[PDB]
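Colleague: From the sequence below, what's the structure:
(9 chains)
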Amino acid sequence: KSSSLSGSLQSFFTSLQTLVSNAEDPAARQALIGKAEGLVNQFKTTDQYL
Amino acid sequence: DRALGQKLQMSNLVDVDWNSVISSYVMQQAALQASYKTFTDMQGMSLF
Amino acid sequence: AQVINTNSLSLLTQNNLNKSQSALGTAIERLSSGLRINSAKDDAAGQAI
Amino acid sequence: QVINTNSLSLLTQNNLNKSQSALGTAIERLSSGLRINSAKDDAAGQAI
Amino acid sequence: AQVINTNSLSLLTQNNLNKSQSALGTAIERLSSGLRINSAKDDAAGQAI
Amino acid sequence: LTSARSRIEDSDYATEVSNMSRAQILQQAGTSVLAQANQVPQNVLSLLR
Amino acid sequence: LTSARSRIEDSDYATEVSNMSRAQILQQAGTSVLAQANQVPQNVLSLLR
Amino acid sequence: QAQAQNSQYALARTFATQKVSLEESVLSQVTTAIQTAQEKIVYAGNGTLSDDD
Amino acid sequence: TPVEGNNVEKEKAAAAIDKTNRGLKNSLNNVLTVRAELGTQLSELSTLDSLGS
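Modeller: Residues are numbered from 1 along each chain as shown, chains lettered A, B, ... in the order given. See the structure here:
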C-alpha cells in the first residue's frame, strides 16, 4: 500500500497540476503523457493478476 | 562519467549480493544436516 | 503451509533492506552533488525548466 | 537549507555596485570642479 | 514511543529553522541596501508614498 | 533567475541528512533482524532433530 | 612540467583509501568463510555414523 | 489525498512567486524611468532655451 | 566572411546571426523535451521492477 494504483494516480494528478501553470511547455506535456502510460500500466497489470 | 556507468554495468553481469547467497547457504547447511540425521536413524534401526 | 524452510521471513527482510539501500543511495548522491535534480530520473519538467 | 547558491551574497554584491557607481561619480565631480563632466551628466546643459 | 520511519521531532525542528532563515535574510538585505523598503513585499502603501 | 533556478535545481541538505539517518538506522536494524531470521531455520532445526 | 609529471607519478588518495577498505572487508569475509569452509569437512566428518 | 493536495498547492505557489517577483522588479525600473521622464519635462518648461536645446 | 568597409555584408551577417540565435533556442527546447521523455521512462522502470520483485 505505497506503490499501489492510488499512489500513481495522485502522482498523475500532480503532473497535470504542474502542467496547468506552464501551459505552453512541451516538456510538461510529454511528462503528463508518460504518467498516463504508467497509470494505465498499473491498472492492466493488476487486472492481469485477477 | 562514461567509465563510472560502464563500471556499474560490469558488476551487474558478474557480481552477486552477499545477503542472498549467505541466506541460501545457511539454510541449505541445515537441510543437509537433517538429511544426514535421516541416515543416522535408519542405520540405528538397521542393527535390528 | 508454513515457511520455516523457505524462511520467507528472511527473503522478506531482505527486500526491505533493498528499499532502505535505495533511499540511502539517493540521499548520498544528492547530498554530495548539491543538486536535488541530478538526472532526468529526478524530474522531466524540472530538467527542462 | 541550500548549500551551493548564496542568493543573499549576490544581492549584497549588487548593492555594493550601486554604492560604487555613486562613489565614482562623487569623486569625479569633486576632482574636476565641474558638475557637467561629460555628455552623460547634463546633455543640453553641456551644449548650453 | 519510538517510531523509526518518521523522526517527527526532526521535521518539527526543520520548520523552525526555516522560520529563522527567512528573518535572517530579511535583516541582512535591509542592512546591506541602506533602505527599509527594497521590494513591494516590504511595505506597499509606503512604497507608493 | 538565479533564485528561481536555485529553487528548482538545488538540494536541501537538512532534508537529505535526516533521510540519511533514517536509512542508516533502517539498514542496520534490518540486517540484525535478518540475522535473527536466518537463525529461525536454526531454531527449527534444533526443533527438528 | 611539474603538473604534467605529477599526473604520471602520483597515486590518488581517495581511490586507494576506498580500495584498501574494500580489501580489508573482503579479507575479513574470506577468513570467516574460510573458518566455516574448514568447518565443512569438520562437520561432515564429525557426524560420523 | 490531502498530502498530495498540499503538494500540488506548493508547486502552484512556487510558480506564482516565480512570475510575481520578476514582475515587481521590472516595474521598479519602470518607476525610475517615469520619474526621470517627469524630471526632464520640468526642464522643458524653461523659457530661456533655444530650439536646438 | 570579412565585412569591414562594406555594407550589405555586415547586415547579411547580422541576419544569419539572428537566424542562428532563433534556431538554437528551438533546438535547445527540442533536446530538453527528449530528455524529459527519457527521464519519465527511467523513473517508471524502477517502479516496474519493484512490482516484479
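Colleague: residues in contact with stretch H:22-42?
Modeller: E:39-41 (C-beta atoms under 8 Å, 6 or more residues apart in numbering or on different chains). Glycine gets a C-beta too; all of them are placed from N, C-alpha and C.
Colleague: In JSON lines, list those along with neighbour count.
Modeller: Shown next, in JSON lines, are these (neighbours: other C-beta atoms under 10 Å in any protein chain shown):
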{"residue": "E:39", "neighbour count": "13"}
{"residue": "E:40", "neighbour count": "17"}
{"residue": "E:41", "neighbour count": "12"}
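Colleague: What strand or helix carries residue H:22?
Modeller: Assigned by DSSP states H and E, residue H:22 belongs to helix H:2-44.
Colleague: Need the nearest residue in space to the closest residue to chain F within chain I, chain neighbours excluded.
Modeller: Closest residue of chain I to chain F, C-beta to the nearest C-beta: residue I:32 (13.1 Å). If you skip the residues right next to it in sequence, residue I:32 has residue C:48 as its closest partner in space, 4.3 Å away by C-beta to C-beta, 6 or more residues apart in numbering or on different chains.
Colleague: From residue A:29, how far out is the one you found?
Modeller: Residue C:48 is 11 Å from residue A:29, where distance means C-beta to C-beta, to the nearest Å.
Colleague: so residue B:20 sits right up against residue C:14, yeah?
Modeller: Yes - using C-beta atoms under 8 Å as the test, residue B:20 is close enough to residue C:14 to be in contact (7.2 Å).
Colleague: So those two - more neighbours on which side?
Modeller: residue C:14 (18 against 12; other C-beta atoms under 10 Å in any protein chain shown).
Colleague: residue contacts, that one?
Modeller: Applying C-beta under 8 Å, 6+ apart to residue C:14 gives the contacts B:19-20, B:23, F:34.
Colleague: List the buried residues for stretch A:11-26?
Modeller: For stretch A:11-26, the neighbour count (16 or more other C-beta atoms under 10 Å in any protein chain shown) marks A:11-15, A:17-19, A:21, A:25 as buried.
Colleague: export it as CSV, just CAs?
Modeller: Output in CSV follows, covering the C-alpha atoms of stretch A:11-26 (Å, rounded to 0.1, in the frame of the first residue of the first chain):
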residue,chain,number,x,y,z
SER,A,11,1.2,11.5,-9.0
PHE,A,12,-0.5,11.8,-12.4
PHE,A,13,-2.8,14.4,-10.9
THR,A,14,0.3,16.2,-9.6
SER,A,15,1.9,16.2,-13.1
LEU,A,16,-1.4,17.5,-14.5
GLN,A,17,-1.3,20.4,-12.0
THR,A,18,2.3,21.3,-12.8
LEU,A,19,1.1,21.5,-16.4
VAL,A,20,-1.8,23.8,-15.5
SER,A,21,0.7,26.5,-14.6
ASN,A,22,3.1,26.1,-17.7
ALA,A,23,0.5,25.7,-20.4
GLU,A,24,2.9,26.2,-23.3
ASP,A,25,5.7,24.0,-22.1
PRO,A,26,6.2,20.9,-24.3
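Colleague: Residues contacting that stretch, please?
Modeller: Residues contacting stretch A:11-26 (C-beta under 8 Å, 6+ apart): A:28-29, A:31-32, A:35-36, A:38-39, C:45, C:48-49, H:4, H:7-8, H:11-12, H:15-16, I:29, I:33.
Colleague: Separate out the buried members of those.
Modeller: A:28-29, A:31-32, A:35, A:38-39, C:45, C:48-49, H:4, H:8, H:11, H:15, I:33.
Colleague: farthest pair in these?
Modeller: The largest separation in these, counting by C-beta to C-beta, is between H:4 and I:33 at 25.9 Å.
Colleague: separation between residue I:15 and residue I:3?
Modeller: From residue I:15 to residue I:3 the distance is 12 Å (C-beta to C-beta).
Colleague: In terms of neighbours, single out the busier of those two.
Modeller: Set residue I:15 next to residue I:3 and count neighbours by other C-beta under 10 Å: residue I:3 wins out with 13 against 10.
Colleague: quick one: secondary structure of the more buried one?
Modeller: Assigned with DSSP: H, G, I helix; E, B strand; the rest coil, residue I:3 falls in the coil class.
Colleague: Now do the same contact list for it.
Modeller: I:9-10, I:13.
Colleague: can you put these in TSV and add secondary structure and distance to chain H?
Modeller: Converted to TSV, the contacts of residue I:3 look like this (DSSP: H, G, I helix; E, B strand; the rest coil; distance: C-beta to the nearest C-beta, whole Å):
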residue	secondary structure	distance to chain H
I:9	helix	36
I:10	helix	31
I:13	helix	32
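Colleague: Can you give me the distance of the most centrally placed residue in chain I to residue I:34?
Modeller: Note on chain I: the residue nearest the mean C-alpha position is residue I:28, at 1.9 Å, using C-alpha atoms, centre = their mean. Distance, residue I:28 to residue I:34, using C-beta to C-beta: 11 Å.
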